[PDB]
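Just below is one structure, and these are the notes that go with it.
Letters A, B, ... are given to chains in the order of the sequence lines, protein chains preceding strands, and every chain is numbered from 1. As a basis for the values below, the full set of heavy atoms in this structure was taken, side chains included, without hydrogen atoms, waters or symmetry mates.
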Amino acid sequence: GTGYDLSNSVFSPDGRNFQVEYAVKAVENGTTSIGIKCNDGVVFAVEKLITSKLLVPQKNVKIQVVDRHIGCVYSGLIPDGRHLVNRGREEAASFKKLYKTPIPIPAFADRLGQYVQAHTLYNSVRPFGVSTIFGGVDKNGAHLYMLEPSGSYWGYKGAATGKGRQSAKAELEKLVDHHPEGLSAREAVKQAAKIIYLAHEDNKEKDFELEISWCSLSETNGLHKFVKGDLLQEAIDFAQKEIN
Amino acid sequence: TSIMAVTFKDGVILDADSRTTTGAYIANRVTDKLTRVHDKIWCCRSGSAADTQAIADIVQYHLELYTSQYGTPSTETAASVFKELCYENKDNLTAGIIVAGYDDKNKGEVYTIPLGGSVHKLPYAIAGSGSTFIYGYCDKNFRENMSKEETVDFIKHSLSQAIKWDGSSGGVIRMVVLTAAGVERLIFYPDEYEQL
Amino acid sequence: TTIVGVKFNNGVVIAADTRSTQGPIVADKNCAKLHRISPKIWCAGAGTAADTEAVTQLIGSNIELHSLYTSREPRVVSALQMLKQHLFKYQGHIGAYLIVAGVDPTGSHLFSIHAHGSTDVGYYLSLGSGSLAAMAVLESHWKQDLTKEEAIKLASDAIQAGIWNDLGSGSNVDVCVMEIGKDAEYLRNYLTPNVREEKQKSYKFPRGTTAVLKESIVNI
Amino acid sequence: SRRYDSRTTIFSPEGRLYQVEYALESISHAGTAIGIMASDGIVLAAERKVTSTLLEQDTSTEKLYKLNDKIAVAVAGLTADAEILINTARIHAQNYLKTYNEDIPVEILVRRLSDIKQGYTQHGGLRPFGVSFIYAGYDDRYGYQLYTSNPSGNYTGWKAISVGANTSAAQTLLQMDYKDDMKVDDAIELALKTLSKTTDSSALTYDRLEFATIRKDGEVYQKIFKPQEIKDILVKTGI
Amino acid sequence: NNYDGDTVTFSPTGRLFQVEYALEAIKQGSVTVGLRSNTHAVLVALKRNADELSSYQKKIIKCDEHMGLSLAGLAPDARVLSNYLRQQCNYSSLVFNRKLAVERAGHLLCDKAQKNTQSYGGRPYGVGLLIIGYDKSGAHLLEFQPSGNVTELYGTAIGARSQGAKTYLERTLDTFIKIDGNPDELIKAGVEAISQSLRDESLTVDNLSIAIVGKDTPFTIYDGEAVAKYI
Amino acid sequence: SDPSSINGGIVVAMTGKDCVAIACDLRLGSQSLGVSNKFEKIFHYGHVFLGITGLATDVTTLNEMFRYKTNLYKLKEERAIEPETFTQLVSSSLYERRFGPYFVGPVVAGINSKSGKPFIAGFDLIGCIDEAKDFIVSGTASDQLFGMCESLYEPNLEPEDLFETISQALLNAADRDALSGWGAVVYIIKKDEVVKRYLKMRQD
Amino acid sequence: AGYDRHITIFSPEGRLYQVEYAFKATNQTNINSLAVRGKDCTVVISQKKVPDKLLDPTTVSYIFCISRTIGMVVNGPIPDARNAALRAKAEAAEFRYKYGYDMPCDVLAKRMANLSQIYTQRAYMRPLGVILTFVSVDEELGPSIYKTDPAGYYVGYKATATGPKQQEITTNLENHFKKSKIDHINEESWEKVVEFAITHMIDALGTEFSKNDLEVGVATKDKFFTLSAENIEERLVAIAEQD
Amino acid sequence: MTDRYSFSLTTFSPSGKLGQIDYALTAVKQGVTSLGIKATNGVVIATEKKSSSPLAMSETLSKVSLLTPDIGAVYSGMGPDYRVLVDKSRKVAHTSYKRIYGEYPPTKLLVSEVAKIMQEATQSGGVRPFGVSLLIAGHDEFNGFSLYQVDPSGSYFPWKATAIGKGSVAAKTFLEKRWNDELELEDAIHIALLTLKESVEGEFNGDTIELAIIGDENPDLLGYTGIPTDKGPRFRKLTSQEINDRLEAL
Amino acid sequence: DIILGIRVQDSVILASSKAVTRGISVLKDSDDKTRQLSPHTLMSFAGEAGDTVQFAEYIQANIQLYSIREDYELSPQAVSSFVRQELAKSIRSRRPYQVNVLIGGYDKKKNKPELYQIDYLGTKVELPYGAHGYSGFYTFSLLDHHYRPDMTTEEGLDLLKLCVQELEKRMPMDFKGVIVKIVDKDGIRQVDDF
């Protein structure tokens, strides 16, 4: 459908906002990132493609923390994701200043959804070219959400985005089938690494670095922390072992 | 005035006299100083009547807006909203507030917000002009986790002395009992508490 | 000024005197101090005469527009909220002390608003210089379950106490009775206990007593 | 939003303002208005375009307006746009009286409106006013003055001018019969004769006519003719 | 195509052409090379002149005693970004008495550059920057792009023919990353890298520009006779 | 200190039998110094008369304001403003500046062209409509006029008898006020005509 | 120039095409809903489609609790539905603050419909492609259904349906009201009204329902609430019990 | 993010016509018919209420609305525009006139304010004209009963009787034959119903038809007693029962 | 501080003191406290140190701008009405102009002289003879005694000599004489032998 896709706020005769649909095409080109909701927290994993050996390992972090209990991972236009996360940090700080409590994840997800959606209202602005998997632990459990360029978001047992989303979603579905009682935080980290490695088979042309993050009540006391050192290497070893 | 809030085993009781004075004249002798800012969050107002009423109206609007968006607030959140208004306008609004509320997880909570705009969580709180005369009595007699009957008897004794010694305090004693069973309103007339 | 409101078993009655003073001088001997905010919501104002007239006229405009917007009979609470929020916004510079009374689909109401934006609910109220004199009568004679006649007599008697005992109150008694089921009846000059007596002599000057320099006809 | 902008305030490749030319074309389809300046007064006459037996001619004042106790204007083009300018003209006339305690000179009032019309023609991106005015007024300096202004913001002084439909025919007729030493009563005839010839209807009748005069107590009066008064002069003038 | 007229339009394939065109402006600029060891970070910039009657336009800009950057593309945009970077480094010192971290400095540029790629009225910065600095975490090197993407690297090159220098750095990565406490040996490595990007010219005293920052070395720029020994 | 007492002056309005009377003194001064004996304080906007007392700068400012407002009213309405409508126009205009108020006390007087009944109304400096059926007073000598008008005035005075009453009330009140005097002007307003008269009075 | 189809301005036929296209956006979720009024309650029944196994069904809701007494079911894209819900929640709270009493459902429909009109006149703002159905039990009017559409139009309803199969549901409601000759469902409790609404949703759509296929909101005096999956299951059991 | 439509979307075409005004007037022509008739002692404004669905409570959607107690308006064209435009008219009736002069505006001045609102949309940047034509009927002590039509362009004219909307041409022809300067209000209502009966295609009863009149003051609708100078609204809606009674005698 | 003005049959005579005093000493004894607003309109002013000249020169620019714009000289009535409005605007502004002015002009259309006294509040009054501040306390008794509308310019100047002599005799301050200007049908001229 041409003619109606040159502007951001225009409905096509079918009611479809094409520019937002084109923004989704930007997301589908990004590196695959997933989020797994465990029985007491959430786990985030992102594939970081190694463009060249000259990138210093472990410095180009792509998972972001908001306040202290929300972690955000996104795929698509990385600058757009940072713009969205910068707003979330402002929204989270504003909520804490006025209400004194850390912003609830369902409340935070709405704050971001209103912002992302507001970018589809006017033709003087462009839609976000990122789908953001975000979540954390709040007063009433763990929450995992996923935004879209249109501003739509839902709660997920496990979310996947980026180029390997179709591959990753297959293994996320297997996790919920095999573990309906709830997956443990430590096992979720190992499974998160395995899913990213499997999803990378859609990007075999280039090497990648796995980055994991997670926020569990029992293990981080409800705060968002990165996987590093021994725990990261066990996940990498497990992911390679299953691949081999 | 004389406002008071006492946590007890099943929840929290807010209490106050009913007299408001403009000098020696009692402008209204049956005032209701207990204000509902949310279903199970109530506040006691002392100081300027215009300022406290304005703050209570704005806080109720904020907590109503909070509930529609982020679920039911806690008593700590209600006190936080009070602090921002009382603190960000401390040079204009001469308001001292006692916020008491009930929620299932934390049971009864009491927050006092003195004239400065700071927030203090307390087992029991007393404010108003008449409170100064019962600082010693309340401290000696307050106990943790008293029953509803003991707390009401404790509050009746406390306010009867605050009413006795303060000219700017008197009238009927109005209580609001916040518990899991709901909100209960009690009133005690001078013939009931004056000869305790 | 003397103003009283008396809630009775099926409505509310507000009364006021009709004397307006500029210091010790009586500028208006028959000022109407009861103002409409809507057909069945009425306001009586003490303190500055201009602000009470002006504040009610502004709120009365907004009540009418809001009533047309919502297609509903105005609430006395809406008048109270917009009235107190307006007064609070000006931090007491608008020296309007008001008794707002009326009937709405939710019953009969009687509030008093102070110049600083504070409000109180009551079954009988009084404002003005004669408030203490009027409240003495209200305290002595008010009772639960007053009939319309008892309330009108009590309200008028309370105003009379201010008229006789307060220098700032006098002349006549204005009464407005708002009952839940029927229209508000404005009893202008309900009682006129201060009718002036005949003068001892007639001061009709004989024509030509005044000296005139020039006479002219003015075009309209 | 840049794609939807029509670029109102731009020059044509041959140095013309497109929207002002189109606004003038709009005015050429409006009812004719005629102004004639006589030795002892000014005559403003206009032809109502919208007409029906159910239209209230008695109070349908839509082309002749009073700006002051001394100035009036006849309007051709968008009636809605004119009333916006009419009210600013009235306010300006009172602002001048408030400041200088004298009645505003006609040229000063005309210049202010023409400056308002020109503003929409050069900046702001909004469409021009589609109204032409004929100002008839009096002041101590120049006496009886007759001006006309158009959407472009240009204004000129005239002895007899017509705006609206059939200006070419109306102007030619005025050229043939206008005598400098003529009285108002002759201007009453000339205005009606000119309209009766350039009117697009079969005949000219009192229901189609707006008519006003400015004439000299030794003080200038404004008379906006009521329908019965117009009907009287139409018989006297022989139309 | 009609999807490249403004910066607020996605193409049917999800591409922002106006940003791609800004990236093309960098490829027209002269090659500038960046590399670092654990102790020192070095910028080597090839400077170009309009005519042999003209001076060579400067490529290295100093933001602090501990931070600086080289540019490729629209020099006026570099001044806008370098001035903004100075203010952020300035703000950190005044308000915190804290040297702005190079990583944090890069993210501040990323946030500023992105704003022009999402709202109408502005344009992407048609300049790529190599930011080097030394802070309490060691030497750093960042590559900034008009799209807002900022990458921390061992070494890199931007500008015309930068692929040759970039390819050399990849082969030599195992070597120059170990040059600790020997500033002049890094500069030789960088100069040898940028020499791989020369097409029809040779480095000269006036053509070449070098900068270095490290543990004890404040950000210093070598131009003219100063770089005579490295050529 | 008090702006309303700097320039002095007084205005009085009385009602009769199908006629209104409005009168004022002609003194303008600077406290003790009398500057002008021709400073008229009564202005008409058609068939409605406005007498403004108080600060002379505010009296002049409001005259040009109400001329501005009433002139625009007659262009939009195509009819002259009636005394009752004008009374609210004055009231709102004075309140529009509650916190920057004009130090003036106006007195509206006129006969409604349609109903034909006399009308007079008074005001404070911030616009309290003091509508009276008998008489209105303003200015420095309001105390004197109140007692003087309250005794002489009687209902339903003929236009000839009303002139004697209002003029005598004005002259005797002005004679006992330091800042008022230097001649007075009386308007006798009837449904069909208006008569303007200048009174002989003490020039000290 | 084809401006008329891209911004809210009149076309040569006098039509606002962008508003017409916003109506098409409402049906893109393929969710059907209906609202009925009882004697003292209002019930909103909405289809709940969760084809994705990774979704959390608890969060897939198109019914919003605007106020304590007012509820709203939206038809159309969720991002726009949440935009209207947040604005409605802000409007209702502001109304209570300014005017001292809870906002009536009809006033909120009017307030939200006036906003939709502004988007339909200003070229800056696009219409929201959502249809908002406000339900409550007003303090004066009793049970109330008010449906707003992207054009800025709104009206009260005896019972209303929305979605692709709106016509099919409406005829069933039309016939039922024709035979009963009354303006409301004559039941004293909302459990029977919910069972009534679910039965005609089943009949009109001709599909069996499970507890996960429905999302139900009930408006009563002084409270609007949404039924949980377990509460909806009880209603489904009763329907299968023929009573 | 900012509002970037600071330019006018209504502009003169090479033929001199304003495209958006003409299209706005077209939307009125497909609008539901409405008419007004001015009688010697009142004005009657009528229209038919076509319902979106039989389940819609048409009583909740009033096409005839009160602007001031003595002024009422009916529309033809786009319903939403009339609703917001009426809200503006009621507001400006207070802010611009009543709050200054203490009394409600006359019909001529209120129509001018409404016309100014419509004209502003015809020249201001980033807006389209209102797609409604209003028939505003009112009374004032100096001009008496008056009936005005306001167009999307902001132009307004006074009418003895008029009809706007789908059947305007047929209605206006009918009104010309029937209208005369001797009509009483009871006769105008009879003529209004007869004219409206021709336009309506479906059911013709009190529920599908909406009438309002400006006539004698209704002190029973005033809501209070004791102020003789207050005499009550002159604008009155005829309830469905009242219309149905007159239909039986039609 | 002396500002006097007398309107005679054919002209207006404005006299203003020459002294300028700043605190302890007299800075200047030849100051001209007047501005020519138009060829036939003259404005004398007195008041606070800086306000008098800033206001007078600001007024003169607007009157000059009007004259060039319409190629027409404002009448003295219009100029005084304009000047009064600015003083009225300022008296209730952030920093009022504390300036008292006399506006004497010749109306070439009515062929009559005009004298207007406006104080810093904005109180415009037309007088046969005017004065500002305490200068009118000493002079009005003489002017009330000797003034007649039909005086010639020579008689008017003789009357100003009496008014100035009385000011010299009884007023404590030394105002260093007066500069006298006459606004006539022929324009504005200064009397040097006074």
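In this structure a side-chain-to-backbone donor-acceptor pair under 3.5 Å is missing from C:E53 to F:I129. Under a 3.5 Å cut-off, the side chain of F:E164 and the backbone N or O of C:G208 do form a donor-acceptor pair.
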I would like to know whether F:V194 and C:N219 meet side chain to side chain contact (heavy atoms under 4.5 Å, CB included); could you show each step before the answer?
CA-CA 7 Å; F:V194 177; C:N219 281 333; over 6 Å; no

Begin with the C-alpha distance, continue with both residues' side-chain angles, and end with the deciding distance and a verdict on side chain to side chain contact (heavy atoms under 4.5 Å, CB included) for C:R207 and F:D161.
CA-CA 7 Å; C:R207 289 169 200 198; F:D161 301 312; 2.7 Å; yes

Would you check, one step at a time, whether the test side chain to side chain contact (heavy atoms under 4.5 Å, CB included) holds for C:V218 with F:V195?
CA-CA 6 Å; C:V218 173; F:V195 185; over 6 Å; no

Before giving the answer on side chain to side chain contact (heavy atoms under 4.5 Å, CB included), spell out for F:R197 and C:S216 the whole-Å C-alpha distance, their side-chain angles and the decisive distance to 0.1 Å.
CA-CA 6 Å; F:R197 283 208 198 66; C:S216 182; over 6 Å; no

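In this structure, chain F has heavy atoms under 4.5 Å from both the backbone and the side chain of C:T210. For F:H47, the parts sitting under 4.5 Å from any heavy atom of chain C are the backbone and the side chain alike. Of the two parts of C:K29, only the side chain, counted from C-beta on, holds a non-hydrogen atom closer than 4.5 Å to a non-hydrogen atom of chain F. The contact between C:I217 and chain F is made by backbone and side chain atoms together, counting heavy-atom distances below 4.5 Å. Residue C:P24: no heavy atom, backbone or side chain, is found under 4.5 Å from chain F. F:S92 does not touch chain C: none of its heavy atoms, backbone or side chain, sits under 4.5 Å away. If you measure heavy-atom distances from C:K214 to chain F, the contacts under 4.5 Å come from both the backbone and the side chain.
C:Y203 approaches F:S151 most closely through the heavy-atom pair CD1-O, 3.6 Å. Nearest heavy atoms, F:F146 versus C:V26: CE2-O, 4.0 Å.
Taking the six-membered ring where the residue is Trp, F:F99 and C:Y90 present parallel rings, their angle staying beneath 30° rather than reaching 60°.
To the nearest 0.5 Å, the span separating CZ on F:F163 from OG1 on C:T209 amounts to 10.0 Å. In this structure, CD on F:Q88 lies 7.0 Å from CD on C:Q57, to the nearest 0.5 angstrom. Taking SG from F:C128 and CG from C:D51, the interatomic distance works out to 9.5 Å, rounded to the nearest 0.5 Å. The distance from atom CD1 of F:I126 to atom OG1 of C:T48, rounded to the nearest 0.5 Å, is 6.0 Å. Atom CD1 of C:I220 and atom CD of F:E193 lie 10.0 Å apart (nearest 0.5 Å). In this structure, CG in F:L162 is found 12.0 Å from CZ in C:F205, a value given to the nearest 0.5 Å.
Considering only heavy-atom pairs separated by less than 4.5 Å from chain C, the leading option among F:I136, F:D143, F:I188, F:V185 is F:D143. When each of F:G46, F:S142, F:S91 is checked for heavy-atom pairs under 4.5 Å with chain C, F:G46 comes out on top.
The 12-atom threshold is not exceeded at CZ of F:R176, counting heavy atoms of other residues, nucleotides or ligands nearer than 6.0 Å. Shown here is C:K153, whose NZ atom has no more than 12 heavy atoms of other residues, nucleotides or ligands within 6.0 Å. In the displayed structure, C:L167 atom CG is contacted under 6.0 Å by at most 12 heavy atoms of other residues, nucleotides or ligands.
Salt bridge F:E158/C:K204: absent, no basic N to carboxylate O contact under 4.0 Å.
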